[PDB]
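Below you'll find only one chain, the form deposited in one PDB entry, shown as structure tokens.
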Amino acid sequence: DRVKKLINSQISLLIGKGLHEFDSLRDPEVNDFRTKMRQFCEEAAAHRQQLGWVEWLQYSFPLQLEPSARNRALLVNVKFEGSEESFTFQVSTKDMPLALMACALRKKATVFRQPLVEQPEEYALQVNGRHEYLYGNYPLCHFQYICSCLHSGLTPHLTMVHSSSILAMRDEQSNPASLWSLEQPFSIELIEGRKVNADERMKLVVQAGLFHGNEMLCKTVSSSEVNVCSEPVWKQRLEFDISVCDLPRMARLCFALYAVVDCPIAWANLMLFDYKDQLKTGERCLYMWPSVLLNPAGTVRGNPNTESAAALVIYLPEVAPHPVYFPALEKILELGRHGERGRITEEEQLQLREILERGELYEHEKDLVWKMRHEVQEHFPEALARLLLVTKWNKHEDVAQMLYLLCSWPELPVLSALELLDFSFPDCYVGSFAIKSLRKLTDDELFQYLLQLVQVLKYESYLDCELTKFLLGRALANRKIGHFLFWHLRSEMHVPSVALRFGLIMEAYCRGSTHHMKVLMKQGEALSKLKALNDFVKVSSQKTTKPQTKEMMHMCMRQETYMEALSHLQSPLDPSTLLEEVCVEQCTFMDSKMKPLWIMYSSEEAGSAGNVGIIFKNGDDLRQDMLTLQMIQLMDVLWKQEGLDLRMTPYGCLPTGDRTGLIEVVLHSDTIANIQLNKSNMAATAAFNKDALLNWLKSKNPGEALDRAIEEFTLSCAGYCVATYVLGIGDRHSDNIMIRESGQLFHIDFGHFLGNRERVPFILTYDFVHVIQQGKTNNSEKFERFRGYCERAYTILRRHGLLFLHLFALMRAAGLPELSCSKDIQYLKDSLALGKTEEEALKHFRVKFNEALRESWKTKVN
């Protein structure tokens, strides 16, 4: 009672929408989702509270392993929980956590003078001051943390945590106690319009279309030209060239209101069948969306702003004296079960094999694929997507035959399934099949494609769908998936077209984890304080000097409310990272337009690893930066899987709200511009500006350490050269290129990509060529090693080109201005040269790299 009320108020606060607003809609679809998903999520919670302690570690602290894992001597520091005493010992990189734990237990038994009761099977290793653990049958070098410690030269710091301490964690965090006979053409009545705004010199026209995804089910139909006014009256029948029996389940009726002398005013879409498969009848008031002509990919829910929105009043006629439902799967299978099998020649079989292993088709090739659909199922099951595109979705008998084959179709690889989630495959059985083939995704693969799967939610026609249930069950079984599902949904609550669906998904999730809701509320409280702090800085910076604005910012941070809200939270960029004590004296802001905040933290328990920073940005849209950074991280994963480590810096970037988000601070790094300022009285002051970077690296890496710093520079430079080329990242200058003290180079501020439209050439800078060449004019041994790294990295990506295309195609749903149409994805097809052999593509890359070298020489000549 009292606790249910508190939880409801806490969910309302967290999701940024009062739960009463869901009830105020008196919508049965909203109500059924809330009830079904509350039940499904609470069952997930009860399953969790009973997990074994190692399974609970898999839930809460999923393993962070090196892509390769999916000899060498090592020093490790181990302490036991609650002890100020630690033990430093030598293990091998090939040793398993259990060997290290048994070594720590022998040390404790000798130091505490007792033959211990505890066995190493009773413990897990926590990374000090982090929500990260090392457990399982994996050598130590396979863990991201150990791998990171080895490369940086730092000593791993671990805590032996007993099964009883993990079980106390689990307990503390528990939840509190018949259509086919209807042959008449499809038709509607266009009654009237309301709240219409347009030039009175013009006329109003309503264009109407019937769609199955992106494809027209028949020709579009227009109303008559009526004079422009606030309340236009049509009262006319619009008839389509499609029988009511041929309407597919996922048929959408799309509208566009416009003014003619073309002038787009608004658009609205609706599904012809409801969420309970009933064919819609009666009057419908369609609260239209402003047009930026038909928009089939647009949401099928009305504009919530009923006070200002233009509205179309339509009538769906009563086609039968009884409710008509879409036929059940059993009746569809019955109809599709019958149909002649393909009996063709070996030559016509060779023409079919040529096109199925090939990508648009000619009409005769379509009729052949459809004829040979049984052979597609039995010998080319990965060509399901081609066959689905040749199916005539506007003929219920052809759809029945396709659906019969699909229900016996073998499970497809993850790559094929991601393609099948595209809006070009709108059928709910195709969608269900795609999800079934994605269930085999590992948590690491799911995490990698989470952003795209969340965007796919904007294509969903109904609230209760297989994709939401899949995403919810996977989020409730893995805290890190849960974390990022919440934030991707939360960051779009200011968008009216998704606020309902997203708010309901977050409510359902919260029912499944009360503790995690409170952890996320703490993150929201910090973000709330950061926004108020940033507004103060924006105002102050325009009136006083930077050291004055910085002092006032510190004073505001020093307030009890800010110190409490800003300290002891999980990072929204990484729930493994704990943001403990805010280091006020170290906090600052950037001189740029939006004045982003630089917030520093420290943790005594994590030591050096607890020294972390976050950038809070308000005023810019960070979605494209996040997508680019995720794509670079995917490149890094793919290269490491072929044994190529290009020493990339895929730092965190997370939109959290309306033009609001966080960026991970990469410590011990500076921009090329600051280094190239060539300031006097510094360790890097150069005779020639070209020496500055190398002198800076020399000062950070004394003696023998320079060699490895030049090598890290070369590797990351090859990785970023390929990544910016493939992704079309332009506007690259000295202030958006950074360098780490280790020698690693990385890119920041990714506002423009995919050539944005001017095709971006491969980029080579003489300042970077100089470091690669170890400060020598001619050093083709070092330069050509660099070109080899570029070529190897490029050819690895091309081999996974389809994965990038499928993910970028899913991202079209994001609404990013630079990722709107097929032209934007043409850029990625061209940069990866996928319509070529590896020989023709490598030849082409060599032409572009040599062209970039000749361009770079225009700077070398001087």
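Heads up, when I say rigid core I mean the largest set of C-alphas that superpose within 1.5 Å between the two forms. One-based numbering along the sequence shown.
Keep in mind that the form deposited in another entry is not shown, yet the notes after this line are about it.
Participant: Kindly specify the one residue in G153, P702, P304, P410 whose Cα moves by 2 Å or more between the shown form and the other one, with superposition done on the rigid core.
Facilitator: One residue passes the 2 Å cut-off, namely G153.
Participant: Once the core is superposed between the shown form and the other one, does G643 show a C-alpha displacement of at least 2 Å?
Facilitator: No, because once the rigid core is superposed, the C-alpha of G643 moves less than 2 Å between the shown form and the other one.
Participant: Does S528 move appreciably between the shown form and the other one, meaning a CA displacement of 2 Å or more on the superposed rigid core?
Facilitator: No, because once the rigid core is superposed, the C-alpha of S528 moves less than 2 Å between the shown form and the other one.
Participant: Core-aligned, is the CA shift for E560 between the shown form and the other one 2 angstroms or more?
Facilitator: Stays below the 2 Å threshold, so no.
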